[PDB]
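One structure below.
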Amino acid sequence: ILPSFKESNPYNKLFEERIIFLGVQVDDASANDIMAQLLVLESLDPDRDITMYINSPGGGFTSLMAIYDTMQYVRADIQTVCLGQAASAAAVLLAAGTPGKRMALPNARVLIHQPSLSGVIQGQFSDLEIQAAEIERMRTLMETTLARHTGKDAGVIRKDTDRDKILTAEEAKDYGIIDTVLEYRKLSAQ
Amino acid sequence: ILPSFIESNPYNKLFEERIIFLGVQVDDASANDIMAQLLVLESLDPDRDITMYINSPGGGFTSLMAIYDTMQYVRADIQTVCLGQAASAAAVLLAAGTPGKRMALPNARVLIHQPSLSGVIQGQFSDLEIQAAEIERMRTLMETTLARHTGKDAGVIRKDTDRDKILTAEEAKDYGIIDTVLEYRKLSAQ
Amino acid sequence: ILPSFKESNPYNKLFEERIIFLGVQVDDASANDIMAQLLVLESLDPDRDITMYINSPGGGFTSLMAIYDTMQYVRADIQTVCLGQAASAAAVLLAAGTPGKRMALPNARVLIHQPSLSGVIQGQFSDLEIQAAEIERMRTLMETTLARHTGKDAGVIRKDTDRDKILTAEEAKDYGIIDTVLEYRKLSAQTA
Amino acid sequence: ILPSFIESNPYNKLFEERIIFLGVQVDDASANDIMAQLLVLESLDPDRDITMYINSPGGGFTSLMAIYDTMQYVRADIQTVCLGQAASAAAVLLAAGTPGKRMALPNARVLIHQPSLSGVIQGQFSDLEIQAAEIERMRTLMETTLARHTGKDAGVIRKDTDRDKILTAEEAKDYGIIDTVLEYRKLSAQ
Amino acid sequence: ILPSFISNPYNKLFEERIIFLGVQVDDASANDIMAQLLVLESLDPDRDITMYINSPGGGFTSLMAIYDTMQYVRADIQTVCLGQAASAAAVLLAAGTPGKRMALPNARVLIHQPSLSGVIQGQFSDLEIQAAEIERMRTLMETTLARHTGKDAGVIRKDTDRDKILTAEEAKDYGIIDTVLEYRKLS
Amino acid sequence: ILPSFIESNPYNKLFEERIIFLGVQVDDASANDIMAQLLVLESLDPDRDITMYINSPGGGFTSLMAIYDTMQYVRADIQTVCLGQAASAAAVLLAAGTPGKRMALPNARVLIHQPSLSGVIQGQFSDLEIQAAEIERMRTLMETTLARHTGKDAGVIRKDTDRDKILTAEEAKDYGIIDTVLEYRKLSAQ
Amino acid sequence: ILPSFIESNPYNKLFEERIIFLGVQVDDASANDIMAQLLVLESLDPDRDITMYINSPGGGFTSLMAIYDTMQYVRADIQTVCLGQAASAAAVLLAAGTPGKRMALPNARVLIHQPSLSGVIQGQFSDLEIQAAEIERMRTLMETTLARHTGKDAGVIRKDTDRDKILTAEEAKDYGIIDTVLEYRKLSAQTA
Amino acid sequence: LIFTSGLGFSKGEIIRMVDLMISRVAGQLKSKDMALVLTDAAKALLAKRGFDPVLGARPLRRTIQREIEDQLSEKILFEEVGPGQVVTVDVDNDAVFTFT
């Protein structure tokens, strides 16, 4: 249950503060909403940074590419903050934030791994030979995006994602996926 | 969880700027919604372009043809933007935009392939002759539509779509499905 | 996700312009809604036409006949427009519009075929004879209605609907189910 | 989707002019709604007729008799219009309108058949003989109501209803279930 | 589809102090009935509360909750039977204020002893407790109907030994209702 | 259906008079709702009493203890009324009202029995030892609360609640679960 | 059915008083809701305490760590109150409130145990070794968190959570998970 | 300056005023050579019928007028009670007054 308080929820109030939440599995339903929100926030004020909070377990590839293109298109800078995890697709989204404005809370984690096709795609050999080509293209594009945004080489990225790579916030920062590890703002502690 | 309040839904804001979002499967319900929106926007301002956003995996054929006829009928020019993917029927809708005003983000993919049957139609051999004739008619209609909206002979389209053909944005521009590939407009990037 | 925009939806605006959308399978619910809308619009302005957009895969027979009787009953004329397809019962509804005011879009599809039982009725032979007689009655009634509204004989309709008959908008206009095939009204297209 | 207008939808509008729509199965929920509507309408103006549109495939017997009693009890006179079909219980309700104000559209259909048990009732022979007595009682009650309202004799109704009897509007008029078959009002056809 | 007007018909009935027991008797419906009864009693204790019954019966404890609330409130209760009153509902129908329990001519009442639906497993030492409880509930129904119909618990027990169906007139002769509604039509 | 009146519905009116309705099973959702209501009512007017209507078959044990701690914590006096039944946890809640303000309608019921493990818990013997010790702790706590509120001794409660003990209103009053058996108020036949 | 009043809900009223409610299993949906609420309450008044009620059976580790980081991140101090139980993840959250401001009702219970992978993860040995390393890392991280927030050596927590450990409010206060066990504030009891 | 001005399941001198008010009727009768006497039961019934605890003694005057003045005037006109006679008012048996 989510309390309300014009009736507005916490999510709407944060949206009015230029904050977006990618806290669900990435797919068309979530991607279209994220895109509409990004476009609206850019229209309202394009010189103000949009904070995107990422706590996703992953999702599809086409949806990731939609969100990525919108993030890289809007005039406003995007600031990604990873809270609990950024697994697979979301990892790219975390690395796609504006250079210098990629953050992860200290206990956040990132998980980068090569694309996988859960389930069986059946058909003649002449159809599987096309599906394999498309999947290889998708994997290569993921590597190229990660290498463009992390500064590594597509070959190094390809080798590192051969199997599930789990990175902590410090390890991700050293890897290029994020820039700074958020420090706690609590006044009592400091 | 889309942010809205009682209704400033971001989709309302998009529609208020003459943007229709085809972000789901192309079926009867979504088809009817799309035609209602196109007609409403044409009435509101017949001489202002209507924008369509296509992130869809395609769907039925009659629904595709409903949307296509409405797009061609309305007095206003239709500008189609492929964001994410435009697969199967949606591809035609992407190519059906007003020539010049067909666009796609750099990482979008367009899938063109021939009509296929969702399941098995059973009956006497005569009923199957009728159904097979209808399916051939539908396939030829698809080839003709794409030939009309891409500048290529229907024979070339038939040869190319005999098996799944996936095109990046640039390959789609060369193929004739779209006209421009959007360039990112982020300010800090320049 | 159907946006709004007084605040209204696209369907409310269409209704305000005297347009009824039969975009679902014909059945009791949709039949009742269409009848209510027809009665309401006819009361609002009896001498003004009511437009019926048809994109439907067919449906029941009693519901079809309810909608048909209501269309033919109201003071106002009915202008039927086939949008993406009109199959089974929706084809009869399309042909039931006022002559001269039935039209289809260029790529629409009409599908006329004889009534088909969905499933099975099990029972004694004395009940199956009754059911078969009723089914034949309904088939003949469909043929008679289409004959009346297309200008063809009942025998010709019976021969044609024996098995699925798929027609394009032009073939439907030749057959007699529609009167005009809609023309595009894009300004750029005309000026080219 | 039923479109409203200016905040009254078509059903509320019909209700303003004293029309009750029995377009569903005759069961507890529909029976209670119809009683409530009949009582409200009687309260608003007892001396004005109440119309009942029937498009139902019939249903329960107790619900039938409840609606029937409420119809026969209200001070206003009920006029029943059959649209599409009035089968099984609904037929009785159509026959139970005020003599002289029962109507059916030309292509309507009426179905009469004796009550039938849905499913199987299991028990000892004593419970089953009690149930059989009750079912004979219900059958005789339906026969009595139909004979009362159609001018036939209970025996003729029994013989006619042994096996499902399907009547067109004209045949229903000649059977005594309705008084007149509605004529079209269109002017183009006049 | 229930059409509103201006409010729904059920709000209009409730304003006139009419409660509709049109569903199965269970905890949810029992709580709704109790809340409505208390509200109506507070608004105007003197004026009577009407209660329409078209239900196929239901639980026993929910029956007893509704029954206690009906007897408790200051307002007189007037029960109508409409289309059916089977099992629990029958008791509630007989639980209206004497002289104010009526039924429509083609109503139907159905009284039978409590029956367990399903099987209650367990050791014999627990099934003895369940059997004793079931007998207690059955005797309680016997006693309530005997109180409200003016018949001995033995007679009511013998009658309800197997499902007993009554028309409105037979129910009247049985003490479950007081009047059978004559039709009100002006013609 | 639950009719509204002028606007509010019966539960809101009950709440406005400081009445809480525990009419469902005792689980986490109902427990949280009951605690929220108790705290709100305590804030509104601490001196005035809060009434709890109990008609429920029981439910969880930790939810029971949450509701019980909240009831015993708030600054206001909690009156309890058992309407149809108070089985298992509910009985404790019924017995946990303020001494003097625990009531039950004449035909109410009160079932008290020892905690029972619904379903089957599996695992090694070293885990089941812990689970059994926890179950014993929960049972002893239930007996302790019942003894504290009914005035009896914990041993007598343990003997009595071994098997399902069903008490009527008067038997409950003798046992100490309640204090008064509500008497009817009906003016007629007073 | 939760009764509204004149309007709001009890939950809206509590939120207006800065009282978040974690009453369900700790998963991504609940984590997102709690994080949004904490951020909103921090925005409205960063200098005021935020109360968090904990009645939950636990849940995912990543959601736990999301909520934990958000609690440790916002400027407002957090006060946790355990009502019915705080099991698995919700125990860590209970210990994550600001030192001195962690409370439990007298009859609450705190269940702390090591992470357990309900379900089966299949794959090659080369993937299972990675998964096992990750699970060990998360277990050690939970031990470190509890050691930090309870003033106990991580080895002590590791030995203690080897099997499910259930603690009553008093035993939790002795352990370190909470600071004070709430006392009833009923007026009648105090006056009697 | 003088100025004047549960939901459910919960449980668990007037005779002098009557004499003063009938004083006017007694005096008017005396002017007519008549002596009105009221019995204790009569006064009790009059107070019961005409005294409203919610509204005080407001409806008492009209009650006295209804029960005594009207009947007494009727009897005077019938000549069944003549000047110089003592009119005694009694109550019998819901109840009803009687004049001697």
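Going by the structure tokens order, chains are called A, B, ..., each with residues numbered from 1, while ligands are numbered from 1 in the order shown.
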| All residues 7 Å or closer to residue 31 of chain B, only C-alpha atoms, same chain fewer than 5 positions away omitted, as a list in words | residues 26, 63, 66 and 67 of chain B
| Skipping near chain neighbours, those fewer than 5 positions away, what residues fall within 9 Å of residue 21 of chain A using only C-alpha atoms, listed as a PyMOL selection string? | (chain A and resi 11+15+34+51-55) or (chain B and resi 1) or (chain G and resi 32+36)
Convert the current residue selection to file output with N, CA, C and O atoms, as a compact mmCIF listing (two decimals), in the first residue's frame.
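This is the output file part_6.txt:
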# COMPACT_ATOMS: atom_id res chain seq x y z
N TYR A 11 5.49 8.89 -6.06
CA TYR A 11 6.10 8.81 -7.38
C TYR A 11 5.83 10.08 -8.18
O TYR A 11 6.74 10.61 -8.83
N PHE A 15 8.46 12.87 -9.52
CA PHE A 15 8.47 13.25 -10.92
C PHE A 15 8.47 14.77 -11.07
O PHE A 15 9.20 15.32 -11.89
N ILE A 34 8.99 5.08 -19.38
CA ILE A 34 10.23 5.80 -19.13
C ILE A 34 10.47 6.83 -20.23
O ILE A 34 10.90 7.95 -19.96
N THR A 51 17.18 12.76 -12.68
CA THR A 51 17.74 11.68 -11.88
C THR A 51 16.93 10.41 -12.12
O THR A 51 15.72 10.39 -11.89
N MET A 52 17.60 9.36 -12.56
CA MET A 52 16.98 8.06 -12.79
C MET A 52 17.53 7.08 -11.77
O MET A 52 18.73 6.85 -11.70
N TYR A 53 16.63 6.51 -10.98
CA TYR A 53 17.00 5.53 -9.97
C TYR A 53 16.79 4.15 -10.55
O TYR A 53 15.72 3.85 -11.07
N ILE A 54 17.82 3.31 -10.47
CA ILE A 54 17.86 2.03 -11.15
C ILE A 54 17.94 0.93 -10.10
O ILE A 54 18.92 0.86 -9.34
N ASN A 55 16.92 0.09 -10.05
CA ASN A 55 16.88 -1.07 -9.17
C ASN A 55 16.28 -2.25 -9.91
O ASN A 55 15.44 -2.98 -9.38
N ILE B 1 4.68 1.64 -12.74
CA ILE B 1 3.99 2.71 -12.05
C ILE B 1 4.29 4.06 -12.72
O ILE B 1 5.30 4.70 -12.42
N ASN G 32 10.70 -0.23 -3.77
CA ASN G 32 10.52 1.01 -4.52
C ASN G 32 9.56 1.95 -3.80
O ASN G 32 9.81 3.16 -3.72
N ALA G 36 10.71 5.58 -2.39
CA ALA G 36 10.03 6.80 -2.81
C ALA G 36 9.52 7.57 -1.60
O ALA G 36 9.65 8.80 -1.54
| query | Which chain D residues are at most 12 Å from chain F (counting only C-alpha atoms), as a VMD selection string? | reply | chain D and resid 29 32 to 33
For chain E against chain G, which residues fall within 12 Å using only C-alpha atoms, given as an mmCIF file with N, CA, C and O atoms, in the first residue's frame?
data_model
loop_
_atom_site.group_PDB
_atom_site.id
_atom_site.type_symbol
_atom_site.label_atom_id
_atom_site.label_comp_id
_atom_site.auth_asym_id
_atom_site.auth_seq_id
_atom_site.Cartn_x
_atom_site.Cartn_y
_atom_site.Cartn_z
ATOM 1 N N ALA E 28 -18.933 -11.629 5.190
ATOM 2 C CA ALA E 28 -18.953 -10.325 4.541
ATOM 3 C C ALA E 28 -20.357 -9.740 4.523
ATOM 4 O O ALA E 28 -20.579 -8.598 4.951
ATOM 5 N N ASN E 31 -21.538 -8.774 8.025
ATOM 6 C CA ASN E 31 -20.991 -7.510 8.502
ATOM 7 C C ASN E 31 -21.657 -6.329 7.821
ATOM 8 O O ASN E 31 -21.946 -5.313 8.464
ATOM 9 N N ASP E 32 -21.895 -6.431 6.514
ATOM 10 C CA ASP E 32 -22.576 -5.349 5.812
ATOM 11 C C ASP E 32 -23.960 -5.115 6.396
ATOM 12 O O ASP E 32 -24.362 -3.970 6.646
#
| said: Write out as a PyMOL selection string the set of residues from segment 108-192 of chain C that DSSP, computed on the backbone, places in alpha helix (DSSP H). | reply: chain C and resi 125-150+154-160+169-175+187-190
I'd like the neighbourhood of segment 138-150 of chain C as a PDB file with N, CA and C atoms, in the first residue's frame, where a residue qualifies if any of its atoms comes within 9 Å (using only C-alpha atoms), though same-chain residues fewer than 3 positions away should be ignored.
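Writing done, so here's around12.pdb:
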ATOM      1  N   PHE C  61     -26.143 -14.798 -33.730  1.00  0.00           N
ATOM      2  CA  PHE C  61     -27.223 -14.524 -34.666  1.00  0.00           C
ATOM      3  C   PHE C  61     -28.355 -13.723 -34.049  1.00  0.00           C
ATOM      4  N   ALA C  89     -21.453 -11.992 -39.142  1.00  0.00           N
ATOM      5  CA  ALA C  89     -22.624 -11.162 -38.886  1.00  0.00           C
ATOM      6  C   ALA C  89     -22.364  -9.704 -39.225  1.00  0.00           C
ATOM      7  N   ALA C  91     -20.905  -8.562 -41.646  1.00  0.00           N
ATOM      8  CA  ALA C  91     -21.189  -8.341 -43.059  1.00  0.00           C
ATOM      9  C   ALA C  91     -22.663  -8.041 -43.281  1.00  0.00           C
ATOM     10  N   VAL C  92     -23.541  -8.763 -42.588  1.00  0.00           N
ATOM     11  CA  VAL C  92     -24.967  -8.474 -42.672  1.00  0.00           C
ATOM     12  C   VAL C  92     -25.248  -7.074 -42.158  1.00  0.00           C
ATOM     13  N   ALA C  95     -24.221  -4.578 -44.785  1.00  0.00           N
ATOM     14  CA  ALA C  95     -25.205  -4.491 -45.851  1.00  0.00           C
ATOM     15  C   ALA C  95     -26.527  -3.904 -45.384  1.00  0.00           C
ATOM     16  N   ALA C  96     -26.759  -3.812 -44.077  1.00  0.00           N
ATOM     17  CA  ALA C  96     -28.031  -3.326 -43.563  1.00  0.00           C
ATOM     18  C   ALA C  96     -28.126  -1.810 -43.508  1.00  0.00           C
ATOM     19  N   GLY C  97     -27.043  -1.091 -43.758  1.00  0.00           N
ATOM     20  CA  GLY C  97     -27.103   0.353 -43.792  1.00  0.00           C
ATOM     21  C   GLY C  97     -27.961   0.850 -44.932  1.00  0.00           C
ATOM     22  N   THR C  98     -28.250   2.140 -44.904  1.00  0.00           N
ATOM     23  CA  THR C  98     -29.134   2.704 -45.908  1.00  0.00           C
ATOM     24  C   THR C  98     -28.478   2.618 -47.283  1.00  0.00           C
ATOM     25  N   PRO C  99     -29.227   2.288 -48.331  1.00  0.00           N
ATOM     26  CA  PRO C  99     -28.625   2.256 -49.663  1.00  0.00           C
ATOM     27  C   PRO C  99     -28.040   3.606 -50.031  1.00  0.00           C
ATOM     28  N   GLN C 114     -22.151 -19.094 -44.123  1.00  0.00           N
ATOM     29  CA  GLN C 114     -23.378 -19.556 -43.500  1.00  0.00           C
ATOM     30  C   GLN C 114     -23.182 -19.785 -42.009  1.00  0.00           C
ATOM     31  N   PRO C 115     -24.260 -19.758 -41.231  1.00  0.00           N
ATOM     32  CA  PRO C 115     -24.122 -19.973 -39.792  1.00  0.00           C
ATOM     33  C   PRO C 115     -23.454 -21.300 -39.486  1.00  0.00           C
ATOM     34  N   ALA C 133     -33.812 -27.858 -37.163  1.00  0.00           N
ATOM     35  CA  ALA C 133     -34.816 -27.033 -37.818  1.00  0.00           C
ATOM     36  C   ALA C 133     -34.587 -25.565 -37.518  1.00  0.00           C
ATOM     37  N   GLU C 134     -34.276 -25.241 -36.264  1.00  0.00           N
ATOM     38  CA  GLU C 134     -34.012 -23.849 -35.917  1.00  0.00           C
ATOM     39  C   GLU C 134     -32.775 -23.327 -36.633  1.00  0.00           C
ATOM     40  N   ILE C 135     -31.732 -24.150 -36.730  1.00  0.00           N
ATOM     41  CA  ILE C 135     -30.511 -23.720 -37.405  1.00  0.00           C
ATOM     42  C   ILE C 135     -30.788 -23.450 -38.876  1.00  0.00           C
ATOM     43  N   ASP C 153     -30.776 -12.822 -55.480  1.00  0.00           N
ATOM     44  CA  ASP C 153     -31.752 -13.818 -55.087  1.00  0.00           C
ATOM     45  C   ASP C 153     -31.261 -14.591 -53.870  1.00  0.00           C
ATOM     46  N   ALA C 154     -32.209 -15.182 -53.144  1.00  0.00           N
ATOM     47  CA  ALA C 154     -31.845 -16.004 -51.998  1.00  0.00           C
ATOM     48  C   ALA C 154     -31.036 -17.217 -52.423  1.00  0.00           C
ATOM     49  N   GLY C 155     -31.332 -17.775 -53.595  1.00  0.00           N
ATOM     50  CA  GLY C 155     -30.559 -18.905 -54.078  1.00  0.00           C
ATOM     51  C   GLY C 155     -29.116 -18.546 -54.364  1.00  0.00           C
ATOM     52  N   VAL C 156     -28.888 -17.376 -54.958  1.00  0.00           N
ATOM     53  CA  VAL C 156     -27.523 -16.952 -55.242  1.00  0.00           C
ATOM     54  C   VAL C 156     -26.751 -16.756 -53.949  1.00  0.00           C
ATOM     55  N   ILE C 157     -27.377 -16.126 -52.958  1.00  0.00           N
ATOM     56  CA  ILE C 157     -26.718 -15.932 -51.673  1.00  0.00           C
ATOM     57  C   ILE C 157     -26.410 -17.275 -51.033  1.00  0.00           C
ATOM     58  N   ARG C 158     -27.356 -18.209 -51.096  1.00  0.00           N
ATOM     59  CA  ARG C 158     -27.125 -19.527 -50.522  1.00  0.00           C
ATOM     60  C   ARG C 158     -25.956 -20.222 -51.199  1.00  0.00           C
ATOM     61  N   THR C 161     -22.567 -18.334 -50.110  1.00  0.00           N
ATOM     62  CA  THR C 161     -22.173 -18.449 -48.715  1.00  0.00           C
ATOM     63  C   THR C 161     -22.001 -19.889 -48.262  1.00  0.00           C
ATOM     64  N   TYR C 175     -20.601  -6.980 -55.572  1.00  0.00           N
ATOM     65  CA  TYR C 175     -21.580  -7.919 -55.042  1.00  0.00           C
ATOM     66  C   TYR C 175     -22.855  -7.201 -54.633  1.00  0.00           C
ATOM     67  N   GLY C 176     -22.723  -6.058 -53.970  1.00  0.00           N
ATOM     68  CA  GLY C 176     -23.869  -5.278 -53.559  1.00  0.00           C
ATOM     69  C   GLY C 176     -23.879  -4.980 -52.078  1.00  0.00           C
ATOM     70  N   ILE C 177     -22.800  -5.322 -51.380  1.00  0.00           N
ATOM     71  CA  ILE C 177     -22.789  -5.170 -49.931  1.00  0.00           C
ATOM     72  C   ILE C 177     -22.453  -3.743 -49.524  1.00  0.00           C
ATOM     73  N   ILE C 178     -21.737  -3.002 -50.361  1.00  0.00           N
ATOM     74  CA  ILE C 178     -21.436  -1.604 -50.110  1.00  0.00           C
ATOM     75  C   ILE C 178     -21.698  -0.832 -51.389  1.00  0.00           C
TER      76      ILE C 178
ATOM     77  N   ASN D 107     -37.836  -9.542 -36.220  1.00  0.00           N
ATOM     78  CA  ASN D 107     -36.911 -10.660 -36.328  1.00  0.00           C
ATOM     79  C   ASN D 107     -36.551 -11.243 -34.973  1.00  0.00           C
TER      80      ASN D 107
END
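For chain A, the residues having at least one atom no farther than 12 Å from chain C, when counting only C-alpha atoms, are residues 29, 32 and 33 of chain A.
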How would the residues just chosen look if you wrote them out with N, CA, C and O atoms as a PDB file, in the first residue's frame?
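Once written, selection-v2.pdb looks like this:
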ATOM      1  N   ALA A  29       6.328  -2.265 -21.834  1.00  0.00           N
ATOM      2  CA  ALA A  29       5.421  -1.534 -20.959  1.00  0.00           C
ATOM      3  C   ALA A  29       6.174  -0.510 -20.123  1.00  0.00           C
ATOM      4  O   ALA A  29       5.743   0.640 -19.996  1.00  0.00           O
ATOM      5  N   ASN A  32       8.155   2.289 -22.604  1.00  0.00           N
ATOM      6  CA  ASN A  32       7.334   3.372 -23.133  1.00  0.00           C
ATOM      7  C   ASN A  32       7.065   4.421 -22.066  1.00  0.00           C
ATOM      8  O   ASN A  32       7.098   5.626 -22.343  1.00  0.00           O
ATOM      9  N   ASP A  33       6.802   3.981 -20.837  1.00  0.00           N
ATOM     10  CA  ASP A  33       6.581   4.918 -19.743  1.00  0.00           C
ATOM     11  C   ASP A  33       7.831   5.733 -19.448  1.00  0.00           C
ATOM     12  O   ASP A  33       7.757   6.957 -19.286  1.00  0.00           O
TER      13      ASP A  33
END
| message | For residue 126 of chain B, find every residue with an atom within 10 Å (counting only C-alpha atoms), except residues of its own chain fewer than 5 positions away, and show them as an NGL selection string. | response | (:B and (131-132)) or (:C and (163-164))
Which neighbours of segment 82-99 of chain D fall inside 6 Å, counting only C-alpha atoms, when residues of the same chain fewer than 3 positions from it are skipped, and could you give them as a compact mmCIF listing (two decimals) with C-alpha atoms, in the first residue's frame?
# COMPACT_ATOMS: atom_id res chain seq x y z
CA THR C 62 -29.80 -13.29 -32.16
CA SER C 63 -27.54 -10.36 -31.28
CA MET C 65 -30.81 -9.58 -35.43
CA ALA C 66 -31.31 -7.30 -32.44
CA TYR D 53 -36.48 -4.55 -22.81
CA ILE D 54 -35.76 -8.29 -22.84
CA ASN D 55 -32.76 -9.80 -24.65
CA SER D 56 -31.98 -12.61 -22.26
CA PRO D 57 -31.33 -16.35 -22.60
CA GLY D 58 -33.32 -17.02 -19.42
CA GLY D 59 -32.10 -18.45 -16.17
CA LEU D 64 -37.92 -15.47 -12.58
CA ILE D 78 -45.34 -2.92 -17.44
CA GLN D 79 -44.77 -3.00 -21.20
CA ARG D 102 -46.37 -6.69 -25.10
CA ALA D 104 -41.49 -7.85 -30.15
CA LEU D 105 -39.29 -6.73 -33.00
CA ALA D 108 -37.06 -11.49 -32.62
CA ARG D 109 -37.37 -15.00 -31.25
CA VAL D 110 -39.17 -16.61 -28.32
CA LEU D 111 -38.29 -19.97 -26.79
CA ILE D 112 -40.45 -21.93 -24.35
CA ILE D 177 -47.28 -14.28 -25.78
| task | Do a neighbour search on residue 60 of chain G at 10 Å with only C-alpha atoms, toss out local chain neighbours closer than 5 positions, and write the hits as a ChimeraX atom specification. | result | /G:25-28,31,65,88-90,115,117
For the selection you just gave me, I'd like the residues written to a file as a compact mmCIF listing (two decimals), in the first residue's frame, keeping C-alpha atoms.
# COMPACT_ATOMS: atom_id res chain seq x y z
CA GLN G 25 7.40 -9.01 2.28
CA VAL G 26 10.54 -7.11 1.29
CA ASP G 27 10.53 -7.31 -2.51
CA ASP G 28 11.22 -4.90 -5.37
CA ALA G 31 11.41 -1.52 -1.83
CA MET G 65 20.15 -3.55 0.59
CA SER G 88 15.26 -12.21 7.90
CA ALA G 89 15.72 -8.97 5.92
CA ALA G 90 13.37 -6.95 8.10
CA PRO G 115 20.57 -16.24 3.42
CA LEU G 117 18.25 -19.89 -1.80
Select from chain C every residue with an atom at most 12 Å from any atom of chain E, then for each give the shortest pair of atoms and their distance in Å to one decimal, using only C-alpha atoms, rows by chain and rising number, as JSON lines.
{"residue": "C:29", "atom": "CA", "partner": "E:1", "partner_atom": "CA", "distance": 10.2}
{"residue": "C:32", "atom": "CA", "partner": "E:1", "partner_atom": "CA", "distance": 10.8}
{"residue": "C:33", "atom": "CA", "partner": "E:1", "partner_atom": "CA", "distance": 10.9}
| said: Can you tell me which residues surround residue 143 of chain G at a distance of at most 7 Å, considering only C-alpha atoms, apart from same-chain residues fewer than 5 positions away, and format the answer as a ChimeraX atom specification? | reply: /G:154,157-158
| d(atom CA of residue 69 of chain G, atom CA of residue 160 of chain G) in Å | 24.3 Å
| field | Shortest interatomic distance to chain C - which of B:44, B:189, B:156, B:167, counting only C-alpha atoms | value | B:44
